[PDB]
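Chains as they are written, first to last, in the entry's author numbering: chain A, 1 to 44, 47 to 360, 369 to 440; chain C, 1 to 44, 47 to 360, 369 to 436; chain A', 1 to 44, 47 to 360, 369 to 440; chain D, 274 to 298; chain D', 274 to 298. A prime marks a further copy of an entry chain.
Quick reminder that beta carbons are idealized off the backbone N, C-alpha and C, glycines included.
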Amino acid sequence: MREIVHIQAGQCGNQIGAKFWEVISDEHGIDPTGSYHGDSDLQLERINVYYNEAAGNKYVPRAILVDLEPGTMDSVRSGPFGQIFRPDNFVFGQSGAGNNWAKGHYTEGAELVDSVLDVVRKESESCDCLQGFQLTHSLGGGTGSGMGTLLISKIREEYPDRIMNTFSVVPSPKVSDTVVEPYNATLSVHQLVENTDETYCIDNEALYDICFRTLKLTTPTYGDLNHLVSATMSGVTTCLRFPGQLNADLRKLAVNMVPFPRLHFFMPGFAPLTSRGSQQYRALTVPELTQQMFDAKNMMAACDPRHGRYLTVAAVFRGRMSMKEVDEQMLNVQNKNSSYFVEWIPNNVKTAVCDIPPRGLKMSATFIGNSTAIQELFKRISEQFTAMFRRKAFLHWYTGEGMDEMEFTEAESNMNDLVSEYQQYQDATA
Amino acid sequence: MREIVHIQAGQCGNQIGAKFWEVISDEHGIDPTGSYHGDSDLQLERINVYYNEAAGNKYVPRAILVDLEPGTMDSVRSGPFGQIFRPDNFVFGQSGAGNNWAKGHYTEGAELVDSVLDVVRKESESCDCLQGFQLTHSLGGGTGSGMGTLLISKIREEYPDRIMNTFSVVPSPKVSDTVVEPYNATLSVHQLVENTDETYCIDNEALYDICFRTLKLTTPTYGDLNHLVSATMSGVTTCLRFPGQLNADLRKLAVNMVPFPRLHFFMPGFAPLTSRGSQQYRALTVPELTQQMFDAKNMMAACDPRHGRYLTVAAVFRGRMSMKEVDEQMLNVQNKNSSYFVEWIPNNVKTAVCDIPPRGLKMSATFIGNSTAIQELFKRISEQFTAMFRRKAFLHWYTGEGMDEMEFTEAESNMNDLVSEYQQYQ
Amino acid sequence: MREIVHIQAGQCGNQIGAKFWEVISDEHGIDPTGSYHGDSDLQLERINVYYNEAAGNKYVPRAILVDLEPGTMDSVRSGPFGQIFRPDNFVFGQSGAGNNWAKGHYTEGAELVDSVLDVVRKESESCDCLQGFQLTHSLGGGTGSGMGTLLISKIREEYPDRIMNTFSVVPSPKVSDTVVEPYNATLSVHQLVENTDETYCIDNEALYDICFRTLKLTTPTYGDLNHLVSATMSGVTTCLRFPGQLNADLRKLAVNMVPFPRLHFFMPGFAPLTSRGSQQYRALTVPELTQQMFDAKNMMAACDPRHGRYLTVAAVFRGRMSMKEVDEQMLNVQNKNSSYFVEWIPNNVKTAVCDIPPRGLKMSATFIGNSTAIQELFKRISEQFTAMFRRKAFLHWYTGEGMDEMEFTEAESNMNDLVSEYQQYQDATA
Amino acid sequence: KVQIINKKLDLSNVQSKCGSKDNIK
Amino acid sequence: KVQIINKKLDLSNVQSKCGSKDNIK
Ligand SMILES: Nc1nc2c(ncn2[C@@H]2O[C@H](COP(=O)(O)OP(=O)(O)O)[C@@H](O)[C@H]2O)c(=O)[nH]1
Ligand SMILES: Nc1nc2c(ncn2[C@@H]2O[C@H](COP(=O)(O)OP(=O)(O)O)[C@@H](O)[C@H]2O)c(=O)[nH]1
Ligand SMILES: Nc1nc2c(ncn2[C@@H]2O[C@H](COP(=O)(O)OP(=O)(O)O)[C@@H](O)[C@H]2O)c(=O)[nH]1
């Protein structure tokens, strides 16, 4: 059947994907030994979409781990779920990227990409029907950014008809964690906009806001943010694994959600989100999930969507629900807030319903929005990048890896053109 | 994975590195015999970063000791942890430097640097993945300054793609320890600015001020100042040895912290610092660490950073913390004091979090700041050097060995150009 | 029935064959006493192909040990399985070869070959149906090279209609172990190309690469390399001993694999190969064995086969399998990589399936490839040999044994002609 | 330096196909 | 000093053997 090759790259890649595989193994009843010990047939009905079965009731997650320094991989291998992963797919270098995109893309990635692609081909030839590739990585991180751009280019050349999905951690609007993050982000998007099919933008700052505000958490960790991101990832591909009243694979989402080839970035969201104490005072209904999804404070992206308009909206629900209820809620949303949707797209909302709810919830819903408001992210990145580039800030660190001024110039020009395209598609024109 | 070769030159460097290796051996549970007797797997997980494993459950610190006079090395061998170093790496001469940089760089260094480099090559060939070289030395000491400049040039020529990190003791603004400190400091900088990747400027004056005002120490010794410097050194590379929520190795530090290749001198800091009695009166939080770090009185370099602007800030934290807490503190710092950072660099602070705190603390943080205010230090050095050089003060001692007036003139020109560059970017 | 006379010569001969007889005695349930203590009738159904039965339930391996110094033979006799071998067949000299092919071929071999051939005739007359001769030896070793060339010539004259198979250890591309190895190898092949039927090229360096890379071994020994070579040897002649769905004797392999009389060298391979830890994460299927066999890193020869093309491919499988599965995998291999096969040979792959798997495995497969890429080995040997011969490097050590310059000249000319023939058969011509 | 891909779309003059008036005479 | 043994092979003119047209007249 359809199979997904999950590629992990960078620190975000490794950590987020470790939490992701924890969640996925929990959903399918796979204990840390790889042996199936679940309680339902649907867990094994579509176990092959993310797992390879080695005879002996052991299942191996079809994942590839990529990094340039073995520290994060050692931490992953020694932690929980270390022995389920077949050790063939721990492909790492020795130098590290040093947060330099130029380094990770032209020297260290250039040295390691042959082994990584051989592993990719090994995992792809063993598949029954390769559906798409999922990449978890950060943009500010040099390893993540560079290795991901290189791998995406090479794999797009290798399989031009497969789905290339990426979950990227984007720069924060206030608190940056890397000095050279703007250049890495610019040079990364300069290739992501060309080779990827769709990219989900995750900001750590929005996750912190959700954690302190909604969940009432006082000591949130990167692991809990990874838990939220992993819940989103599991909600995205719930139709590839369990039946439902209305299913939607990855290609259906790509078709319904990308109106024009370059405007493929999406803002993910999740519902329901409650603190532990407040769980006893709020009922779980479809209107509740709908109101939590279409809320500015519940957007995991670093932008208030009320500043622009939406082009496409995807809402995948989980758990037993009424389709009439969901459709009426979507009608109410589109009617009451019609000014937030582009006039040239009638029927802005795409829906899907899976019959299997997440662990511990009666019902949930995953939000995916394509809003012109995301132009704020790209405009801020362009402004910061231009201000830094005028003074040649840290430019020698990248020119020493083989880059010239023309590559930065072309990246910045393409970024300005992308921002201008998003601004162009805010005109009603009718 | 990555490894570090620790080089230890001069009397100052030897003492600082002895204290540093004491601290490192304590962090990894290694007794003075070399046999591992720790209590956690993480102590052995990355013990290779600083130690070679000599079969027999014993580990040898990958350290190289350099000097032109054998007294300091005799004291090191006879003192505690003196047997922890394999005696192969005690490379010393007999003449001594006499605080003459010309001597230690052109004659005695020229005689001893071949053996020094042979030991360096032997230690480097044993490495699986060499990451960077560390040099602990003072700028005033003839041995320190001369051997450091010469050896850094040689190693940079041999390994052009490795990281050259130095922890230098800089001259004090009030009290000089050597009469000819200006010539040595100027001629040392004239090569450090060309061959090194980054240099941490620690002044003993600021260390005295901190240990007196903050730690309330009444009889501080070189051992206590070296303890502070060693805590800073360990916090610098804690990410190369222990896991964490956000790790940053030497290459990311060098990339984030050096905006332009010549502006690579930094002012280190440390937190928390408390007297013994006051420990029971102040809670240890991330806001407290952030408040202590971004304070002029806690800067170990004798230069008020409020007289200039920062190019970039590195803040590596140790211990269990909330990522949102550190992020909010850094955002508040950048927002409330935006007037002290250059307008052409947004997101001035790069951070990292290690999950292993220093022994005895719930959490800590190491400060590394690239402030344009260090032009004060360099301008003071240039002015004093000019005042001495205009009258040929002590010049004959340097000229007799082989130096000419052209070398001093070029060194002064380079120093003034560096000062002018810092002034340009402020 | 069909019988195989195993001749051991040289250090490679003695060690590799000691490990080989260990493996063979394990497969047939023969304990170190020679008494049969197995558990299946098929162990004794074809026990006579490698054993002679002396009444008393004792079986003697039909092996002949040849050397020029008694040290290696003493080590073999005093080690495991020392008492099963009938002591009649320990035929050794006293001087040793000193790695000089000229010595071992014209003086010491000339003195010992009469006794060795008398032993060969004794073992051959006692046979029921002599099928072929198998020789284990090295090329760089003077004893191995010289004694093997002399014995092969004499036995080919004695039995011109029997199968002459040799398993030769070839020089390594980077790390040579003997100063005079190139001359020994040139003078050895100058006779092997004339008298042998087929030669399997084993490089110790490729075995080291496989050991450190695939098996994740940190301290590999010559004995473990001999274990790999012995597994290959046992897989080669599994059809001479156990039944199966499709059997193939040695003459069938010689016919199907040697297109032209001089191009008889083959590159052996083996599958599956896994580290101990990775065994729990990979299933054993026919596609897995097929992908491991047709892999450049799994070739035990010192050459990347992707530089040339294949002429004939032999793939002998062991264990219960589906013939449809194997045939579909072979079709996929030939179709996806058609550019690596000569156009003038349709149906490049020969197959065979034995129903008895190796000890401890569900299924396995032995690879035998006849690729033009092996011209790299012979070209490097010719280049090194020419460079050494221009300066008369170590030439007196061979001229003192009776050799003249004309013999070296003829050997080098024949080597150049063999390289030119391999290059000629890379032309598609159609 | 981009412009939205807006086209002037029109079904200008479309006639019916069923001859509902063919026998009106 | 060798050359591949390539021959010019052709089944030039081969006629049928079954007289399927012998009684066509
Ligand atoms: N959500 C999340 N973000 C992370 C995590 N670890 C690091 N990041 C973000 O990733 C960025 C660091 O880049 P990184 O990938 O670690 O550096 P690289 O080695 O060059 O790839 C920072 O901006 C962090 O905010 C994590 O566990 N979860
Ligand atoms: N931080 C620190 N500085 C020192 C120490 N010992 C000496 N110094 C400084 O080094 C300078 C003396 O130079 P020194 O290295 O002893 O002379 P050298 O033998 O020629 O290298 C003085 O300015 C001291 O302040 C020490 O243990 N720690
Ligand atoms: N695979 C393998 N190769 C060996 C072994 N022993 C020796 N060799 C190889 O054989 C060569 C030595 O030649 P050798 O036969 O010992 O010398 P000889 O006495 O003249 O025949 C070296 O290149 C070794 O790499 C072994 O046990 N296994």
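Item	Value
Please tell me whether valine 181/A and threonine 314/C are closer than 7 Å, where the distance is taken between their beta carbons.	yes
Between the stretch 59-76 of chain A and chain A', which residues of the former have CB atoms less than 9 Å from a CB of the latter, in chain order?	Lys60, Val62
Measuring CB to CB, does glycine 225/A end up less than 7 Å from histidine 139/A?	no
Under a three-way DSSP split, which group does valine 315/C fall into?	strand
Give the single residue among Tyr283/C, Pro89/C, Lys372/C, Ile347/C whose Cα lies nearest to the Cα of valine 177/A.	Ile347/C
At what residues does the alpha helix (DSSP H) containing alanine 208/A' begin and finish?	206-215
Tell me the DSSP secondary structure of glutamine 136/C in three-state form.	strand
Nearer than 6 Å: is that true of the beta carbon of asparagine 300/A relative to any heavy atom of ligand 2?	no
If we count Cβ pairs, one from each stretch, closer than 8 Å, do we get three or more for the stretch 333-353 of chain A versus the stretch 394-414 of chain A?	no
Please classify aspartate 41/C: is it buried, with 16 or more other beta-carbons within 10 angstroms of its beta-carbon, or exposed?	exposed
Roughly how many angstroms lie between the CA atoms of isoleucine 30/C and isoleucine 49/C, to the nearest whole one?	10 Å
List the endpoints of the continuous alpha helix (DSSP H) containing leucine 67/A'.	Counting along the chain, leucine 67/A' falls outside any alpha helix (DSSP H), though it belongs to the beta strand (DSSP E) covering 65-69.
Ligand 1 heavy atoms versus the CB of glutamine 15/A: any closer than 6 Å?	yes
Just confirm the distance between the C-beta atoms of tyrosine 432/A and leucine 265/A, as a whole number of angstroms; I'd bet it's less than 8 Å.	7 Å
Using a C-beta to C-beta distance shorter than 7 Å, which residues of chain D' count as neighbours of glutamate 431/A'?	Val275
Would you mind listing the alpha helix (DSSP H) stretches within the stretch 244-288 of chain C that are 4+ residues and don't spill past its ends, in chain order?	252-259
Compare the beta carbon distance of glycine 144/C and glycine 100/C with 7 Å and say whether it is the shorter of the two.	yes
Here's a check: name, in chain order, each residue in its chain whose Cβ is nearer than 8 Å to the Cβ of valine 429/A, leaving out the five neighbours to either side.	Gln385, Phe388, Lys389, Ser392
Identify each residue in the stretch 117-151 of chain C for which the Cβ-Cβ distance to at least one residue of chain A is less than 7 Å, and report them in chain order.	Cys131
Which residue comes first and which comes last in the alpha helix (DSSP H) that contains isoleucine 277/D'?	Element bounds for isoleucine 277/D': n/a, residue is neither H nor E.
Quick check: does the Cβ of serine 140/A come within less than 6 Å of any heavy atom belonging to ligand 1?	yes
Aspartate 116/C to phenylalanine 135/A, Cα distance in whole Å?	55 Å
Below 8 Å on C-beta distance, what does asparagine 279/D' contact in chain A'?	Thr439
Report the residues of the stretch 174-188 of chain A with a CB closer than 9 Å to any CB of chain C, ordered along the chain.	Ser174, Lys176, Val177, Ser178, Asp179, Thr180, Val181, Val182, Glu183, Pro184
When DSSP labels each residue in this structure, what does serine 35/A get in the three-state scheme?	strand
Is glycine 81/A' near ligand 3, judged by its Cβ being under 6 Å from some heavy atom?	no
Measuring alpha carbon to alpha carbon, tell me which residue in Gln43/C, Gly95/C, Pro82/C, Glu3/C is nearest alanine 65/C.	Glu3/C
Of the residues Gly412/A, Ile204/A, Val68/A, which one's Cα is nearest the Cα of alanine 9/A?	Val68/A
Comparing C-alpha positions only, which one of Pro82/A, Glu22/A, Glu125/A, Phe20/A sits nearest to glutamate 55/A?	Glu125/A
When you compare the CB positions of residue 439/C and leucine 152/C, do they come within less than 7 Å of one another, or not?	Because chain C in this structure spans residues 1 to 436, residue 439/C falls outside the shown range and cannot be described.
Should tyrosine 283/C go down as buried or exposed, given a rule of 16 or more other Cβ atoms within 10 Å for buried?	exposed
At what residues does the beta strand (DSSP E) containing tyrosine 53/C begin and finish?	53-56
Out of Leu286/C, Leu217/C, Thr240/C, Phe418/C, state which residue places its alpha-carbon closest to the alpha-carbon of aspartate 357/C.	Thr240/C
Would you list the one or two residues that DSSP bridges to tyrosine 432/A?	DSSP, once it has assigned bridges, lists no residue as partnering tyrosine 432/A.
Is DSSP giving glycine 148/A' helix, strand or coil here?	helix
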